[PDB]
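Here is the structure we will look at.
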Amino acid sequence: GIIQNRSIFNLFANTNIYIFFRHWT
Amino acid sequence: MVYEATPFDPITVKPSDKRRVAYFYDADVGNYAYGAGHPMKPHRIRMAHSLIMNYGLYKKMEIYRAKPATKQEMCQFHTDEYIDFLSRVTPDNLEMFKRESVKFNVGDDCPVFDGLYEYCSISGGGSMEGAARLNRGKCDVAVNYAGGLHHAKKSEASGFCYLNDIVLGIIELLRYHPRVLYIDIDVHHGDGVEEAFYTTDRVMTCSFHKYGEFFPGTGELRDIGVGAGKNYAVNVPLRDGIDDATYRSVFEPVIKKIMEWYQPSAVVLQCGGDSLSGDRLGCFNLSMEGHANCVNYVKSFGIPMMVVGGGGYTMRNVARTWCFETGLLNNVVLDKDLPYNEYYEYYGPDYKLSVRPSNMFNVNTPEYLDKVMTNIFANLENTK
Amino acid sequence: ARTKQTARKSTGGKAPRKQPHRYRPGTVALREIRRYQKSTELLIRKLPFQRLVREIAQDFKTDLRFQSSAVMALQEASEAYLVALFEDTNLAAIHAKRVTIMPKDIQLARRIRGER
Amino acid sequence: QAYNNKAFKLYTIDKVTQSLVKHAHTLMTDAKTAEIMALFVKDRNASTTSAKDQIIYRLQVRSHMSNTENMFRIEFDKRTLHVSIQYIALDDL
Amino acid sequence: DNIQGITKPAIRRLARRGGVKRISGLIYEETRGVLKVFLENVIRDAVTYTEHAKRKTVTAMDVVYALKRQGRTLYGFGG
Ligand SMILES: [Zn+2]
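Protein chains in written order, with this note's numbering: chain A, 10 to 34; chain B, 4 to 387; chain C, 2 to 117; chain D, 29 to 121; chain E, 167 to 245.
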């Protein structure tokens, strides 16, 4: 189940990085 | 699956739909004023007309001064006592008529100015002569901005309206036409005209109005007429801030379905300028293109029509949209650069023909208008 | 037949148009005699007082801004004037075998004070 | 005047950029917050990862902060730069 | 109406500081008029002084200056 040359990248975050990213968007 | 979200297409005239246009204007209409603090101003009529003359639109149309209506001719719809009170009341002898002031709703929100009877006579005469010229075939489009009093009723004055000239015009149309369709794009509901022709199938009254806690309160979707006039009174309730694309995608399917289902012989179009953005009492977000697209779309059907101007309480915007609508009826699109008129100082800061819409929320969701137009289309299936 | 109009409305429906322990009376009063006498803060809420000055100065000269310290000077001066006048009134009352200041008690004080 | 009131959402550009700046400042200078971004750095820089790496990265992010906090799965796809954000607050516990 | 802003309980507070134990009810509205006419004397002179300095703003200095004229000096605000 190895996913080589991946294209979908996941960022797991708390409320701080989420609110920062929401302000960026 | 009835409402479709479509962007507002640019207004294009039809060169194969040339219409003989009759213009009804009495130079006196404007010299009448409801009051000092009052929003309704008949002065908007002559700055609209000054834009007609200075655009050179009088060379493509015939200007008429309709004979003012007498007492009886007004009594074709109203009672004798109401017209008798209207023809006799002045601001001087207001204390001599106190019972009739509250009986006929005249004195507050419909004030007594001393040119009241003459103003009503000019409006009613303009509407009736436009209908008469449509009957004899002397013109295809009759333009009369002197009237539009769609809130007036049989024995009362409401909504800054005293003589319901539109009912008189539809009455004069009914003597030669079997089916007359009345379209009201005024932001208020055409309660007087709909109430007058509620029980008849000869007149279909369609009103595109804001329906909230707004004047006159009538105009629920379930109001479809009683008796023989059942499903012959279409009410289209709208919310605040409807823009040009939304109003077009509501107006064109409903009027198209009425056209191919009711099949009228004459059309009365109430062009209330209070549907425009920035109005004192209106709450819509229509630009002048959005207001005039209704007039251009109803012009495409070829039915002999009577364009009658109604509301509009900011004089500059209603004058500009009436000039654009009148120019559209001559199969021309007026350039967005105003000519020099005597009221040029109103149209600042750009001094152009366009009425700019506000950036306020179009809260008329597609689901609500889809349900509204679905029930309207379902009620229209019985009008064949 | 005398008649009068009160509706003041030529037409009706104007809205639908298009246009437990309890102290004896006086003990709490003397307690907050002591409270407002041992205290020095300013008893007429400020904003309301400032406004009193704007609407009343307007007459002598429009567009007259007031340094903040000024409306505080008007307050102090006004509270001093009224506490002095109210001491005198209480006296003008305790004079007439009574314990309740009444308007007359202050139309007099001001006459003897000569401020009238 | 330039945009015919269609640029009203740009009236507070200074305040929103200031709030973004403040959020970045408390983003690096908070305990149990900067190591989450360090784990994001290790996940993004080291490509060719299987699923099991993604779950252990998820619980390793979870173990950094409190048990009552909210997780967010901000998915990015190189093709199309499409950021899907998913709410898994107290869901993987 | 800004005058009615000088509220009853405030006039009661002034009476309490003044040592009054029972205030008639008709006093409250007498104290307004007396208050007004007095302020309307100081502030008048406060402004004469103001429009003598060609100043458009009034100062607390001009206020205590108008009090000195009336007679009731006020210490604590300058001069
Ligand atoms: Zn209207």
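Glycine included, each C-beta is placed from N, C-alpha and C at the ideal position.
With distances taken from each beta carbon to the nearest heavy atom of ligand 1, which residues come in below 5 angstroms, in chain order?
Result: B:189, B:191, B:275, B:277, B:314.
Hey, out of E:207, E:180, E:205, whose CA is closest to residue 40 of chain C's CA?
Residue E:180 is the option with its Cα nearest to residue 40 of chain C.
Straight-line gap, residue 66 of chain D to residue 35 of chain D (C-alpha atoms, nearest Å)
Rounded to whole angstroms, the gap between the alpha carbons of residue 66 of chain D and residue 35 of chain D is 37 angstroms.
Around the C-beta of residue 364 of chain B, are 16 or more other C-beta atoms found within 10 angstroms, so that it is buried, or is it exposed?
With fewer than 16 other Cβ atoms within 10 Å, it is exposed.
So with Cβ pairs under 8 angstroms, would you call residue 290 of chain B a contact of chain D?
Chain D contact via Cβ: absent.
What residues of chain B sit near residue 15 of chain C, judged by a beta carbon separation below 8 angstroms?
Within chain B, the residues near residue 15 of chain C are 111, 112.
Three-state secondary structure (DSSP) at residue 68 of chain C?
DSSP places residue 68 of chain C outside both helix and strand once states are collapsed to three, so it counts as coil.
With distances taken from CA atoms, which of B:288, B:69, B:149 is nearest residue 136 of chain B?
In terms of Cα proximity to residue 136 of chain B, the closest of B:288, B:69, B:149 is B:69.
Any beta-carbon of chain C closer than 8 angstroms to the one on residue 18 of chain B?
When Cβ-Cβ separations below 8 angstroms define contact, residue 18 of chain B makes no contact with chain C.
Give the residues of chain B in contact with residue 12 of chain C, contact being defined as C-beta atoms less than 8 angstroms apart.
Residues of chain B passing the Cβ test: 104, 105, 108, 109, 110, 111, 112, 113.
Residue 309 of chain B and residue 133 of chain B: beta carbons closer than 8 angstroms?
A contact, by the Cβ cut-off of 8 angstroms.
Could you check the C-alpha separation between residue 155 of chain B and residue 84 of chain B for me, to the nearest Å?
Those two C-alpha atoms are separated by around 15 angstroms.
Looking at the strands, I want to know which residues DSSP matches up with residue 67 of chain B.
Partner(s): B:27.
Should residue 91 of chain B be flagged as near chain D, meaning a C-beta pair shorter than 8 angstroms?
Not closer than 8 angstroms to any Cβ of chain D, the Cβ of residue 91 of chain B fails to qualify, so no.
Listing by chain order, which chain A residues have their CB less than 7 angstroms from the CB of residue 44 of chain D?
For the C-beta of residue 44 of chain D, the chain A residues within less than 7 angstroms are, from N- to C-terminus, 32.
Give the DSSP-derived three-state secondary structure of residue 221 of chain E in the structure shown.
In the structure shown, residue 221 of chain E sits in coil (DSSP, three-state: anything other than H, G, I, E or B).
Positions along the stretch 19-38 of chain C whose CB lies within less than 7 angstroms of some CB in chain B:
So the close ones are 19, 20.
Nearest to residue 90 of chain C by alpha carbon, out of C:74, C:108, C:78?
Checked all of C:74, C:108, C:78; the closest Cα to residue 90 of chain C is C:108.
Taking residue 57 of chain D as the query, report the chain A residues whose CB atoms sit under 8 angstroms from its CB, ordered along the chain.
Ordered by position in chain A, no residue passes the 8 angstroms Cβ test against residue 57 of chain D, which lies about 10 angstroms from the chain.
At 9 angstroms on the CB atoms, spell out the chain E contacts of residue 53 of chain C, in chain order.
Under the 9 angstroms cutoff, chain E gives 168, 169, 171, 172, 201, 202, 205.
Exposure label - residue 267 of chain B; buried when at least 16 CB within 10 Å
Burial check for residue 267 of chain B: the Cβ neighbour count within 10 Å reaches 16 or more, so the residue is buried.
Going along chain B in order, which residues have a C-beta closer than 8 angstroms to the C-beta of residue 34 of chain D?
The contacting residues are 362.
Quick one: what's residue 114 of chain D bridged to in DSSP?
DSSP lists D:101 as partners of residue 114 of chain D.
If we cut at 8 angstroms on Cβ distances, does residue 63 of chain D have a partner in chain A?
Residue contact check for residue 63 of chain D against chain A: no CB pair falls below 8 angstroms.
Reduced DSSP secondary structure (H/G/I, E/B, other) of residue 297 of chain B:
Residue 297 of chain B sits in a helix when the DSSP states are folded into three classes.
If we ignore side chains and look at the alpha-carbon of each, how far apart do residue 215 of chain E and residue 188 of chain E end up?
Each residue's Cα considered, the two are about 40 angstroms apart.
By how many angstroms is the C-alpha of residue 52 of chain D removed from the C-alpha of residue 84 of chain C?
Looking at the two C-alpha atoms, the distance is approximately 59 angstroms.
Return the chain-ordered list of same chain residues with a C-beta closer than 7 angstroms to the C-beta of residue 355 of chain B, the five sequence neighbours on each side being excluded.
Correct list, in chain order: 339, 340, 341.
In chain order, what residues of the same chain lie with their CB nearer than 6 angstroms to the CB of residue 321 of chain B, ignoring the 5 residues before and after it?
Excluding residues within five positions, the ones whose Cβ falls inside 6 angstroms are 47, 276, 315.
Could you name each continuous beta strand (DSSP E) segment of 3 residues or more that falls completely within the stretch 98-177 of chain B, going from the start of the chain to the end?
If you keep only unbroken beta strand (DSSP E) runs of at least 3 residues inside the stretch 98-177 of chain B, you get 144-147.
Any beta carbon of chain C sitting closer than 8 angstroms to that of residue 220 of chain E?
For residue 220 of chain E, the answer is no, since every Cβ of chain C falls outside 8 angstroms of its Cβ.
Pull up the distance between the alpha-carbon of residue 30 of chain B and that of residue 125 of chain B, whole angstroms please.
Approximately 10 angstroms, taken between the alpha carbons.
Bounding residues of the beta strand (DSSP E) (the contiguous stretch that carries residue 46 of chain B):
Counting along the chain, no beta strand (DSSP E) covers residue 46 of chain B; the unbroken alpha helix (DSSP H) around it starts and ends at 46-57.
Any idea which residues DSSP pairs residue 187 of chain B with across the strands?
Its beta-bridge partners are B:210, B:273.
Closer than 6 angstroms by C-beta to residue 246 of chain B: which residues in its own chain qualify, once you throw out the five before and the five after it? Chain order, please.
Closer than 6 angstroms at Cβ, skipping near neighbours: 288, 365.
Residues, ordered as in the chain, of the stretch 342-359 of chain B that lie near chain D by beta-carbon distance below 8 angstroms
Residues 359.
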